[PDB]
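Protein chains in written order, with the entry's author numbering: chain AC, 36 to 167; chain Ai, 4 to 102; chain AG, 35 to 242; chain Ag, 266 to 397; chain AI, 200 to 397; chain AN, 28 to 128.
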Amino acid sequence: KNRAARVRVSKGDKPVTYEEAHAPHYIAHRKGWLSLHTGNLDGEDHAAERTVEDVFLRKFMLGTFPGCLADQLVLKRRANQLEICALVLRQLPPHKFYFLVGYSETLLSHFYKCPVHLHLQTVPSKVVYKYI
Amino acid sequence: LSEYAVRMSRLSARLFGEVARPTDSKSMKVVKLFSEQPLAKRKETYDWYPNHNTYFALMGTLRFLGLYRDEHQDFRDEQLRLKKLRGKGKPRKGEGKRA
Amino acid sequence: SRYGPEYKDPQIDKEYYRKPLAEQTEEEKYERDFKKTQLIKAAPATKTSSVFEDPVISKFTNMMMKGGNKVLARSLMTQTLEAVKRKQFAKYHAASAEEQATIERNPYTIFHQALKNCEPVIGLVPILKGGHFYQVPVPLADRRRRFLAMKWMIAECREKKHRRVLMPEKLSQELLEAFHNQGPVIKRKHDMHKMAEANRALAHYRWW
Amino acid sequence: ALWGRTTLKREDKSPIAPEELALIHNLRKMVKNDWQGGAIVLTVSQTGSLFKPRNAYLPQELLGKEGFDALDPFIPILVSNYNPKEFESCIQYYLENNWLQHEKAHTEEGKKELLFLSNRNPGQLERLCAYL
Amino acid sequence: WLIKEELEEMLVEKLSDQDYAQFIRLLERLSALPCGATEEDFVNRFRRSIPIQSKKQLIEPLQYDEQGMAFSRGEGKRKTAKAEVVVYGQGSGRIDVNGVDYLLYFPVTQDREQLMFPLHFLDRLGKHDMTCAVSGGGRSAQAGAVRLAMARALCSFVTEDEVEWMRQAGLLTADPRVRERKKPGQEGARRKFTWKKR
Amino acid sequence: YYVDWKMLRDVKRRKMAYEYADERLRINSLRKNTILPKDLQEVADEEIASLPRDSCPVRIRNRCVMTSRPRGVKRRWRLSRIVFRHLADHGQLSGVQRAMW
RNA sequence: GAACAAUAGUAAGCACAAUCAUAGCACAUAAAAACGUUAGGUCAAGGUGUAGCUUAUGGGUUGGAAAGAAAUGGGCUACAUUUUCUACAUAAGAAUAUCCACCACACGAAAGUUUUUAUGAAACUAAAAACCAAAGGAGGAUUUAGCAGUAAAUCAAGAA
Ligand SMILES: [Mg+2]
Ligand SMILES: [Mg+2]
Ligand SMILES: [Mg+2]
Ligand SMILES: [Mg+2]
Ligand SMILES: [Mg+2]
Ligand SMILES: [Mg+2]
Ligand SMILES: [Mg+2]
Ligand SMILES: [Mg+2]
Ligand SMILES: [Mg+2]
Ligand SMILES: [Mg+2]
Ligand SMILES: [Mg+2]
Ligand SMILES: [Mg+2]
Ligand SMILES: [Mg+2]
Ligand SMILES: [Mg+2]
Ligand SMILES: [Mg+2]
Ligand SMILES: [Mg+2]
């Protein structure tokens, strides 16, 4: 049985995001790519760099906004700037959200030496595609 | 092959800036060596790794400044606390064997 | 099976399509063929509308072919037909008017007749009964028999020739010897027939 | 074969010129047109050649620079395929010897087919009528 | 008749196979009697019409070019080989493939016979003059390609009935058979690595 | 921390090998040449075999960058086969997808 | 816990199915394939529970890791004539274990010996020459694969 990136069937109560309900063989068919950048195209360079950068961003964001991250991150890279886009549960007061927006954007901008944008979309509770 | 052809060729090399005088197959390697970027100098090589020290250090500090939250390190901690409580800890250096 | 079961085999015969007006049931039949909006498999490269191609010669060609070489096997067949031809033209001019009326010079008819003579009547299948394997006389289908003939020809004229000797030579020899019934191939056919008489009692074990 | 390249080799494995051959060196002198009372009728070939491509039938290609330059003004006679009459005559000659043993070779059909498959080339036609 | 799916959509209700069967059988009983007007109208909700069934080909309009009369075009594709064939009705029999004679380009008898097939089939064997461009594949694949293309080109010159004949000889259909992809963990796209029982 | 001591070793190796690249090149120029006399080349030989042993490039290993796996690496992402699959199967590798054909 | 001329079963969900891919259909192939089964495989991908080491079961440097009594699996090349060599696309020329008195000698050398070359700080590694030309003459019991562009044979490219 393939197990990769799967959410197994429970007794039938389990809430499952649109993302988690689709096994890897559905990529580019039904669900799309959680990142976008030029690097993996035919004649292009520095794929490796962008991969590591990506991994660090998911980890970092997950730790910077504890408990409030709804679904996995979306990373768009365009002409030297990265727009991070996130689905966020409403947990914190908007004070904490703006504090973390600014803190993050500046921090990562100085880390990766490129302009970083952060776009928060706010959601009452984890959007539910299936079971439940 | 003629003398005319060889004079022409010599002129072609001298002009386009390739090797003028006749060389061995074995010696041309020298030119190759300076034409290129030596392997250990390519960014794909010396820059291969991310600096793991900077990532680990920076995110550690940012944890202590209470910005970043590391659940892995937290897990490690709580496990360890419960382990020293149960009585099996890490021996202070030098103590364990002989005692 | 890049063709669905929907696809019918093509009919290559030109004579069939050229002269329709005299047959009612067949007019109705190929009417139902095309008008059924019936799909047709694309006519294979081997088969042609050629007035010159004998499906038996082509089968034999194929059974001779090792690896992917049609070119080489079609060569050997062509050369063999030419060799039988010239062997009989040799036997014709050194003969007298009577034997010039008797002797066959068509290599095609010689091929066919030599196969008809070499095809077995009856055959043997092993049957397990009471923990023993008995060899039992079995009637054979037509196709099985033709196959046995061709395969026996080729097996012999591959196996038993001296390494100096070329294939079209040995094959033309055995074709002509099987034409007259004295070939080793025919001896094989008889060995089968005799093994089938020796066991005739066991013909009861066959349940079909 | 006189001015071409040679396959034969010394024990040194080093190839030898056609000049190096006594037979060729002397057979070259016979073509030089220095003499009276004689005529030299030559044929430039493919089928037996060396180092020439299979599709080259033309005199200067087969003879090369050495060949054509040392061959002097000569008469370039072209040999082509059977025309309709030549062809029909050859077929009739085969039928007279009853060398076409195929039942349907006496039809007009058989002639159209042999004409097409052989392109009424003599050697090709012989090959096609040999196994027929 | 409607499919079960359609009926199921018309009642806004799930159905069973035996259900659908029952109903259809009943409509059959109905139509097998004298049909009233309201009855005909009734059973005709449950009709659908299957769309056009004709397999007749689409004849290429014949073409007249630069004072030259009657040339037709066709394009075959077989197995990595593409072939474009232009045929002239006004010419004598010969065939030029990639600028050379067809006896030179197709040394093998079998391929020449393949090229011969459609002409010999229509008895056009002396009457037409063709130029070809064939690329890719091997020799036999190219012969096949030109075969198909030639066949498709000669449909302009012939009668509508002989077109049906060529189709029924399998002259006009592309050959779908193509190389299968090798599969990982096997050897040959079918051939398996040797299997050891013990 | 690099994930493993081995990785550490490798980092050092790449540093040293970067540092001495110029010396190594300049000397192996002499060494690889037929034109110069053999007497220069034997001295140059001892010269380059004098250099620290961890400065020579053949001693480098391309290792998985996250997981430190020594082989089963795909050069383009500098990733172990396992980690590569783990990222691609969550769709975090842009333009990578399972292959059907 | 079914019987359709129907007798107690409705059921959402997941699988199958359908769709998607292989650049048009179709077919094929690919992909997919739940719940579980084998305490199946992997603490040496990484991470980890429990238990262990801590001037060592940790971290470095230098050099070594041999080898073939024997048994065996999977491959490669063969044992030749549907062959071998050369030219060359598929019509050629020659060779052809036997000739004969005498050697010499066919197919097979991928193996070894010598000399070179590539890569490398390091040649033991790979490649090309020349020499050498052995076993092998189509294989016991028993066994593997393949349903069509498949098997078979031939060619090429890539990953590291
Ligand atoms: Mg195969
Ligand atoms: Mg570790
Ligand atoms: Mg290495
Ligand atoms: Mg249910
Ligand atoms: Mg599709
Ligand atoms: Mg399907
Ligand atoms: Mg599968
Ligand atoms: Mg499915
Ligand atoms: Mg176990
Ligand atoms: Mg184990
Ligand atoms: Mg561990
Ligand atoms: Mg072994
Ligand atoms: Mg294996
Ligand atoms: Mg030999
Ligand atoms: Mg060989
Ligand atoms: Mg060296």
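From the three backbone atoms N, C-alpha and C, an ideal C-beta is built for every residue, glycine too.
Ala105 of chain AC has a beta carbon lying at 8 Å or more from every beta carbon in chain AN.
Residue nearest to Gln147 of chain AG within the set AG:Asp47, AG:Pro89, AG:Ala56, AG:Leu210 is AG:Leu210 (criterion: CA-CA distance). Annotated as distal: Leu104 of chain AC and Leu110 of chain AC, with beta-carbon spacing of 8 Å or more. Contact residues of the stretch 81–93 of chain AG toward chain Ag are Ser84, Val85, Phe86 (C-beta to C-beta distance below 8 Å).
Rounded to whole angstroms, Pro317 of chain AI and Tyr7 of chain Ai show a C-alpha spacing of 59 Å. Going by C-alpha positions, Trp241 of chain AG is about 39 Å away from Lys63 of chain AG. Restricting attention to AI:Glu361, AI:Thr330, AI:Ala236, the CA atom closest to the CA of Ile258 of chain AI is found in AI:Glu361. Contact of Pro39 of chain AG with chain AI is not assigned, every C-beta pair being separated by 8 Å or more. Assigned with DSSP and collapsed to three states, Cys394 of chain Ag falls in helix. For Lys221 of chain AG and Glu49 of chain AG, the gap between their C-alpha atoms comes out near 41 Å. Among the CB atoms of chain AN, one or more fall inside 8 Å of the CB of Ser30 of chain Ai.
In this structure, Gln113 of chain AG keeps its C-beta atom at 8 Å or more from the C-beta atom of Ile137 of chain AG. Between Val33 of chain Ai and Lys59 of chain AN, the beta carbon gap of about 6 Å places them in contact (Cβ cut-off 8 Å).
When rounded, the separation of the alpha-carbon atoms in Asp48 of chain AC and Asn37 of chain AC is 23 Å. Using beta-carbon distances, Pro233 of chain AI does not count as an interface residue toward chain AG, since no partner is under 8 Å. Chain AG has no Cβ within less than 8 Å of the Cβ of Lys376 of chain Ag. Of all C-beta pairs linking the stretch 65–73 of chain Ai to the stretch 43–59 of chain AN, fewer than three are shorter than 8 Å, placing the two stretches out of contact. Between the alpha carbons of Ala77 of chain AG and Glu373 of chain Ag lies a distance of about 25 Å.
When secondary structure is reduced to three states using DSSP, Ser139 of chain AC falls in the helix class.
When DSSP states are grouped into helix, strand and coil, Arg277 of chain AI belongs to the strand group. For chain AN, the residues of the stretch 54–82 of chain Ai that bring a beta carbon within less than 8 Å of one of its beta carbons are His55, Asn56, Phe59, in chain order. In the three-state reduction of the DSSP assignment, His152 of chain AC falls in the strand class. Annotation for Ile294 of chain AI: no alpha helix (DSSP H) segment contains it, though the beta strand (DSSP E) segment containing it runs 293–296. At least one CB of chain AI lies nearer than 8 Å to the CB of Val105 of chain AG. Cβ-Cβ separation between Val357 of chain AI and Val296 of chain AI: approximately 22 Å, too far for a contact (criterion under 8 Å). When the beta-carbon positions are compared, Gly273 of chain AI and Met349 of chain AI come within less than 8 Å of each other. In chain order, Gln385 place their CB closer than 8 Å to the CB of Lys391 of chain AI, counting only its own chain and leaving out the 5 sequence neighbours on each side. Following the DSSP letters along the chain, one finds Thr95 of chain AG in no beta strand (DSSP E) but inside the alpha helix (DSSP H) bounded by residues 89–98. Closest in C-alpha terms to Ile223 of chain AI, from the list AI:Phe270, AI:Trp364, AI:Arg246, AI:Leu261, comes AI:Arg246.
At a beta-carbon threshold of 8 Å, none of the residues of chain AN lie near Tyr7 of chain Ai; the nearest stands roughly 27 Å away. Counting along the chain, the unbroken alpha helix (DSSP H) around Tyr304 of chain AI starts and ends at 301–304. Chain AN has no Cβ within less than 8 Å of the Cβ of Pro25 of chain Ai. Listed along chain Ai are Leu70, each with a C-beta nearer than 9 Å to that of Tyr138 of chain AC. Taking the Cβ atoms as the reference, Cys91 of chain AN lies roughly 3 Å from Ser107 of chain AN, within the contact range of under 8 Å.
A distance below 8 Å separates the beta carbons of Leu302 of chain AI and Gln389 of chain Ag.
Cβ contact annotation for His371 of chain Ag (same chain, cutoff 8 Å, sequence separation greater than five): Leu360, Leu365, in chain order.
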